[PDB]
Structure formats: structure tokens, C-alpha cells
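Worksheet for the structure shown next.
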Amino acid sequence: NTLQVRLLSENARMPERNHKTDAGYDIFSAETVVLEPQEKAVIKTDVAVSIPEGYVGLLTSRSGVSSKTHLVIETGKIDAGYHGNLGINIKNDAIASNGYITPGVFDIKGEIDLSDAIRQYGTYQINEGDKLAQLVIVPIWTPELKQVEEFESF
Amino acid sequence: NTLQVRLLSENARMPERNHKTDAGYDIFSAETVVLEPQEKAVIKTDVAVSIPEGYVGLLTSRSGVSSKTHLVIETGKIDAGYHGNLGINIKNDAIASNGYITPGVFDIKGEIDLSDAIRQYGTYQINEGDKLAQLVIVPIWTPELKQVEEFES
Amino acid sequence: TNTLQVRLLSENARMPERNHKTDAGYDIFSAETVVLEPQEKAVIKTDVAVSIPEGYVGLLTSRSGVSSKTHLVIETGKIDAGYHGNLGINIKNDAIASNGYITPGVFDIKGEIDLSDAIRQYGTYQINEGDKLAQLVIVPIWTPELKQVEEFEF
Ligand SMILES: O=c1ccn([C@H]2C[C@H](O)[C@@H](COP(=O)(O)NP(=O)(O)OP(=O)(O)O)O2)c(=O)[nH]1
Ligand SMILES: O=c1ccn([C@H]2C[C@H](O)[C@@H](COP(=O)(O)NP(=O)(O)OP(=O)(O)O)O2)c(=O)[nH]1
Ligand SMILES: O=c1ccn([C@H]2C[C@H](O)[C@@H](COP(=O)(O)NP(=O)(O)OP(=O)(O)O)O2)c(=O)[nH]1
Ligand SMILES: [Mg+2]
Ligand SMILES: [Mg+2]
Ligand SMILES: [Mg+2]
Ligand SMILES: [Mg+2]
């Protein structure tokens, strides 16, 4: 079938499936943001999708970013009616450096880049264009609810 | 079809689909509990559901709570036929204030309320009735496993 | 089919197991003994490969016991159709560092204290070969061609 995608700015990029049978469409950052230990942000994708009713999108981590960095993405449940900007819900869960500073910053590959500041160690720079998350779409069941006193069939 | 729900106490609320085409059902806390930085708890819903065979429940965060507070909910996999009280598996992942106390507490909206004690900064109070989590029901594939020496299709 | 092929990569490997015929997932066992101290991160090998067919994704995910009773945080892995690699449990010990308090026991994945081979920092876990650390839940996926549109039709 087809999934409609709107790009909402010049900074947006069509999501992308790595191989032909891969679960997820890789999702790209539309923003450049510095995120220091213990900091939280919603990173904009500048992408809207129209998931049909009877499916849910799971906006979720990539295992390389996840395993190799302190960047923790809380999986977002994207409803069928939602035509807004998909935001990536992120925390840098590194423990604070208590003021050790260094001239480099980490990127989402776990490598060190040149920065515009001498920044606290454990700080990441997410750059516009970074392949930061993925979007997996799964069918759902959304029945009517019946309150009962008894069910019937850690 | 229909999903059966049992309210297990007077503090239990029915799960709630917010908007017409929402994936899941919002789940309320049946307890009032303080959760200071780095603390963990299973928050009782006092609700049981009966997910049919062929499905799993995902008992998961709401994006507002998740993004605006330090309350981290670990997604629960709710098996068909689990008829127990659904527990919300939660951590306050704020780093401890090292002794700094404030007369307010945070709630799940990110906002400050009067509290019963002067409490460590970064503490949340979860109140009975708070819309804390959500439940999304997905079909599953549950095959027999075959051990193979080599993969063959 | 209603068959999933599974390939054990070593003698430290254990066949995944369903807990009841009503359970969503297959319990997945550690193939390695690893110590994980507060704030540390690792990918725990299972020495299991699976062949998830096209149209599905595996979700390599926490068990509620381990998760609620310990500081071991497992980031849910999205296991693609046709990935025949070693399944890796992406794990962090998210306890805050005990700053040099050491004790003769270590924690296990059940929240209990075991004798260990070193006097280690308090909050450290020992994950043992054969521990039932995660589960795998397999769900159908929707993988449509994306259509970029100008307008659709928290
Ligand atoms: O990580 C996320 C999560 C959600 N979203 C969007 C899509 C989703 O359909 C919408 C609402 O998700 P939640 O229901 O998880 N948030 P909450 O329940 O706090 O807000 P609302 O009152 O709108 O349902 O927010 C994101 O862009 N990224
Ligand atoms: O966040 C959760 C997760 C699970 N549960 C319930 C429903 C689920 O069917 C049940 C078991 O889930 P797991 O299989 O993840 N727990 P574990 O494997 O530790 O226990 P068991 O041996 O009972 O399967 O616990 C919750 O109430 N909240
Ligand atoms: O926790 C995990 C996650 C993934 N995996 C495997 C299975 C999956 O099919 C593969 C890649 O998953 P991602 O797409 O999340 N990783 P990434 O996007 O960083 O790498 P790739 O470039 O391989 O897509 O790694 C694990 O063994 N454990
Ligand atoms: Mg990938
Ligand atoms: Mg909602
Ligand atoms: Mg289990
Ligand atoms: Mg933490």
C-alpha cells in the first residue's frame, strides 16, 4: 500500500528504509542541538505522516545510537489521526561531569567532533541530518471496552 | 470486537480512548505515591484486562509525561490471559538534589503543587486518578521454534 | 509457516522458551557472564540467531521482574526480518555510582545478593551465563512505499 509523508521544511528529509524487508523507516533530525549530561529535548524531524486507522507508528531508537551513546529515546506512539511534526523524545542519560571541559563533542556515532565551545565532557551534538531514530508501523486492535465483574472466556 | 475490563477497587478508573482514532487507552493510577529522585515503584492501576490469545498489550508512556518530567515508564508486555492488576513500572530518573528541599512537589504535568512535607527538589507526587500511562494492543506471532544447524528457506 | 528457525551459535546458548502457551514472548537467556557496575553499558550476547520472516519484526525487550526489581535497563531491540546475527541484549546499569563503597556480594538479575570473586562497588550486578534476562515478542509490520505529498488527502 502507500504511506503519505509531508516534509514541513527545507531541513526535512524523506524517511528511509535501509533494506527491502527492514521493519523501520529511518528518521532524520531537522535540528542541530547540543545536549549535555542529564538534559532532555524533543528533536524535530520536520516530517508529518498520515498513518491509517488500525495501525500505530512506533518512533523508536536505532541500536547503534542506543548502544554506543548516552542518547536515550523514549519510543513514541504515533496515532492514526496525527498530522503534526514527529518529535523525537530524547535524554542524554550520562552523569554530569561536575565541570570537566574538553574542546570536542560527541556525535551520534560515538565519535568526537570539533565544537564552537569548550564543553562539559559527555555532551553530544545532534546535527541536522542525523539518522537519529526509526519508525516501525504495526497493526493494532482498538475494541470497545466492556466493564465486567468476572472475566469470561514479576 | 470488545475487551473486558475489571475494576479491582473503588480507586480503579476505566481505561479511556481520548480521541476517535487513537491507538490506545489511557490508564490511570489507583494510588497516591511520592517518588523522589532515582526511586522506583510499581504503581497500581487496580484494573485487570483480558487480552485475547493472538495479541499482547503494550503498557507504555504518554509523550507529555515522558517529555516534560523525569518519570520513566518501562513498557510492559501484557500477555493474553493475565487477569491480574496492571502495574505501571516507573522510575524517577532525576539525579538526587544532595539535600536541597522545596515546599512544592512536581506533578505529572511538570507543575508545582503544595505538598504534606518540605521535599527534595526533583520529587514528584503521583495522585490517584493521574493519567499516567497508556495501553495499545498489537497482534503477535507465536510460532513453534525449530532448531536448525543452518538457515534454509 | 507457524515455525521460526533458531540457530544456536555456541554451547553457552540456550533455546528461547515460552513460559505459558498464552505468553506473548520467548524468554531469551544470556550466553555470557558479565559484571556491570553502576552507569555502565554493554551488549550481552545470547549466541542465538533467529530467522524472522518478511512482514514481521521481533521486539527484544525487558521482562517486568528484572526491570522493576533491578537497575538493569534494556533498550528494546528491533529485530529485522532476515537478520541472522547474534541477538544482542542492549543493557545499562542505571544505578547512580556508589563513589567507592565496596561490598563482598553482587546483585543478580532477581534483585538478590550473591557471593562474588571480587569485593565490588555497591550497585554492581553480575549477569551470569544461562540467566533469563529478556524476551522476544514478534509482531506483524506494515511496510508500504512512502508517497511524499504537499497536502494529505503531544
Ligand atoms: O515520541 C513522540 C510521541 C508522540 N508524538 C506525537 C504523535 C502522537 O500521536 C501524539 C500524542 O501521543 P501521546 O498520546 O503519547 N501524548 P499525550 O497523551 O501526553 O498527548 P495527547 O493528549 O495529545 O494524547 O504526539 C510524537 O511526535 N513523538
Ligand atoms: O509493566 C508491566 C509489565 C507486566 N505486567 C504484568 C502483565 C504480564 O502478563 C505479566 C508478566 O510480564 P513479564 O513476562 O514481562 N514478567 P516476568 O517474566 O518477570 O514474570 P513471569 O515469570 O510471570 O512471566 O506481568 C504488568 O502488570 N506491568
Ligand atoms: O537490541 C538489539 C537491536 C538490534 N539488534 C540487531 C537486529 C537488527 O535487525 C539489527 C539492526 O537494528 P537497528 O536498525 O536498530 N540498528 P542500526 O540502525 O544502528 O544498524 P543497521 O545499519 O544495521 O540498520 O541489529 C540486536 O541484536 N539487538
Ligand atoms: Mg537500522
Ligand atoms: Mg495521548
Ligand atoms: Mg515472562
Ligand atoms: Mg539515569
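For ligands, and for the atoms within them, numbers begin at 1 and follow the listed sequence. Just so it is clear, the values below take in all heavy atoms, side chains as well, and ignore hydrogens, waters and symmetry mates. Chain letters run A, B, ... following the sequence lines, proteins first, then strands; residues in each count from 1.
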Quiz item: Just which atoms of ligand 1 are under 4.0 Å from any heavy atom in B/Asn18?
Solution: 22 (O), 24 (O)
Practice problem: Kindly identify the option in B/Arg62, B/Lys131, B/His19, A/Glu74 whose heavy atom sits closest to atom 17 (P) of ligand 1. | Solution: B/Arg62
Quiz item: Would you call A/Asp22 and A/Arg17 a salt bridge, taking side-chain N to carboxylate O under 4.0 Å as the test?
Solution: no
Quiz prompt | Distance-only donor-acceptor check, side chains C/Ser67 and B/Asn89, under 3.5 Å | solution = yes
Exercise. Give the numbers and elements of all ligand 1 atoms closer than 4.0 Å to a heavy atom of A/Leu86.
Key: 27 (O)
Quiz prompt | Mode of A/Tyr82 contact toward ligand 1 - side chain, backbone, both, neither (heavy atoms, under 4.0 Å) | solution = side chain
Quiz item: With only distance considered, is B/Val65 within less than 3.5 Å of ligand 1 through an N or O on each side?
Solution: no
Quiz item: Can you tell me if B/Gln134 has a non-hydrogen atom under 4.0 Å from ligand 1?
Solution: yes
Self-check item: Pair C/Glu37 + C/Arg120: basic N to acidic O under 4.0 Å
Solution: yes
Quiz item: Going by the order shown, which atoms of ligand 1 are within less than 4.0 Å of some heavy atom of A/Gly76?
Solution: 1 (O), 2 (C), 3 (C)
Quiz item: Hey, is ligand 1 close enough to B/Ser63 that some N/O pair sits below 3.5 Å?
Solution: yes
Practice problem: Could you list the residues that satisfy ring pair (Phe, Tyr, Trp, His ring centres under 6.0 Å) with B/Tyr82, not counting sequence neighbours? | Solution: none
Self-check item: Number of protein N, O or S atoms [distance to the Mg ion (ligand 7) under 2.8 Å]
Solution: 6
Practice problem: Check the pair C/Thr61, B/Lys77 against side chain to side chain donor-acceptor pair (under 3.5 Å), reporting the backbone distance first and the verdict last. | Solution: CA-CA 9 Å; C/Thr61 193; B/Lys77 280 70 58 177; 2.8 Å; yes
Quiz prompt | B/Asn85 and B/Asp46 side chains, donor-acceptor separation under 3.5 Å | solution = yes
Self-check item: For A/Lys77, atoms of ligand 1 separated by under 4.0 Å from a heavy atom
Solution: 4 (C), 7 (C), 8 (C), 9 (O), 12 (O)
Quiz item: Do you know which two heavy atoms are closest between A/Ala23 and C/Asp80, and how far apart they sit?
Solution: N-OD1, 2.9 Å
Practice problem: Any chance you could measure C/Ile52, atom CD1, to C/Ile138, atom CD1, to the nearest 0.5 Å? | Solution: 4.0 Å
Quiz item: Between A/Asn85 and ligand 1, which residue portion shows a heavy-atom distance shorter than 4.0 Å: side chain, backbone, both, or neither?
Solution: backbone
Quiz item: So is A/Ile88 polar-close to ligand 1, meaning N/O to N/O under 3.5 Å?
Solution: no
Quiz item: Do A/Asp79 and ligand 1 have an N or O pair less than 3.5 Å apart?
Solution: yes
Practice problem: With sequence neighbours excluded, tell me which residues meet salt bridge (charged side-chain N to carboxylate O under 4.0 Å, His left out) with B/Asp93. | Solution: A/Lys91, B/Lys91
Practice problem: Mark up the atoms of ligand 1 that fall under 4.0 Å of a heavy atom belonging to B/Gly64, in ascending order. | Solution: 16 (N), 19 (O)
Quiz item: For C/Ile96 and C/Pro38, which heavy atoms make the closest approach, and how far apart are they?
Solution: O-CB, 3.7 Å
Practice problem: Test A/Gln125 against A/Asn127 for side chain to side chain donor-acceptor pair (under 3.5 Å), laying out the working first. | Solution: CA-CA 6 Å; A/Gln125 190 170 301; A/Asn127 295 305; 2.8 Å; yes
Quiz item: Among all residues two or more places apart in sequence or in another chain, which pass the side-chain contact (heavy atoms from CB on, under 4.5 Å) test with A/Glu128?
Solution: A/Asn11, A/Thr32
